[PDB]
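These protein sequences, in sequence, are chains A and B. First residue of the first sequence: 1, per the numbering used here; consecutive thereafter. First residue of the second sequence: 1, per the numbering used here; consecutive thereafter. Ideal placement from N, C-alpha and C gives every residue a C-beta, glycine not left out. Below is one structure; the comments refer to it alone.
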Amino acid sequence: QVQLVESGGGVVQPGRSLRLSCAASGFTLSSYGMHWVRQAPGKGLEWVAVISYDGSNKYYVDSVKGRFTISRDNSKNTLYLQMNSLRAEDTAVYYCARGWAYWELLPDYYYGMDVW
Amino acid sequence: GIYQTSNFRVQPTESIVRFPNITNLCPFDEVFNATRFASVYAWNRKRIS
Numbered sequence: 001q002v003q004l005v006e007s008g009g010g011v012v013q014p015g016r017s018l019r020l021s022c023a024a025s026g027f028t029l030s031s032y033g034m035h036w037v038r039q040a041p042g043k044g045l046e047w048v049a050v051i052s053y054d055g056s057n058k059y060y061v062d063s064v065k066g067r068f069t070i071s072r073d074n075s076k077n078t079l080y081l082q083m084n085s086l087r088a089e090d091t092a093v094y095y096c097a098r099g100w101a102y103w104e105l106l107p108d109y110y111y112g113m114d115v116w
Numbered sequence: 001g002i003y004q005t006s007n008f009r010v011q012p013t014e015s016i017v018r019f020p021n022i023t024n025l026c027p028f029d030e031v032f033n034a035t036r037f038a039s040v041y042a043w044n045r046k047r048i049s
């Protein structure tokens, strides 16, 4: 079954670093793209970062440029987000999502994030 | 006396051609009968050899 485990969550001293981990079961991450979405209480959802199926390019939002890093491991089917230099506005609930695949060839600026 | 006039030759009746079998075809059905297509802009570039 397609299930995603979000682990590593916690509260740390601001300006420190922590690595968020994601576990994908039922499929392989190498053929799909992932989306990381944060949502703060009393606010709306805020898109954070994505990773392509091939890992050729990486895109972030302007508020997170040059401070966080996203990485993937195809061997163990594990997804890692590197959170560094945390600030108080980063208080939100982060969700790991799964996008469409190169198995289904679609045009550029791919459409994704159907289940998480 | 004895004399020689000419020669005589038998002619072949039919012709036959052979080749090392025909099992090695190019995969073509997966392109024509494809699950999904490409967009008007951009296109998949496949190589057959």
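C-beta contact flag for residue i and residue j at 7 Å
i: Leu4(A); j: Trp116(A); result: yes
CA-to-CA distance, residue j to residue i, given in whole angstroms
i: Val50(A); j: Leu79(A); result: 11 Å
i: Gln39(A); j: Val12(A); result: 18 Å
i: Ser49(B); j: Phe8(B); result: 50 Å
i: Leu105(A); j: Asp29(B); result: 18 Å
i: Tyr111(A); j: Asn24(B); result: 39 Å
i: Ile22(B); j: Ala34(B); result: 24 Å
i: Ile16(B); j: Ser39(B); result: 49 Å
i: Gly8(A); j: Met113(A); result: 21 Å
i: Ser71(A); j: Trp100(A); result: 18 Å
i: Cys26(B); j: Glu14(B); result: 32 Å
Simplified DSSP assignment, three categories, for residue i
i: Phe68(A); result: strand
i: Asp29(B); result: helix
i: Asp108(A); result: coil
i: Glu14(B); result: coil
i: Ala97(A); result: strand
i: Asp73(A); result: strand
i: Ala23(A); result: strand
Contact belief for residue i with residue j at Cβ below 8 Å, rounded distance in angstroms
i: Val61(A); j: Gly26(A); result: So it is not a contact: roughly 28 Å between Cβ atoms.
i: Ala42(B); j: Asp108(A); result: 7 Å
Would you check if the segment 85 to 105 of chain A and the segment 6 to 19 of chain A touch, i.e. whether three or more CB-CB distances between them fall below 8 Å? Here the segment 6 to 19 of chain A makes contact with the segment 85 to 105 of chain A; the two share three or more CB pairs at distances below 8 Å.
Contact between the segment 51 to 59 of chain A and the segment 21 to 37 of chain A is defined here as three or more beta-carbon pairs at a separation below 8 Å; is this criterion met? With a cut-off of 8 Å, the segment 21 to 37 of chain A and the segment 51 to 59 of chain A count as touching, because enough Cβ pairs lie within range.
Does the segment 90 to 109 of chain A come into contact with the segment 31 to 46 of chain A, if we say contact requires no fewer than three beta-carbon pairs (one atom in each stretch) closer than 8 Å? At 8 Å Cβ cutoff, the stretches touch.
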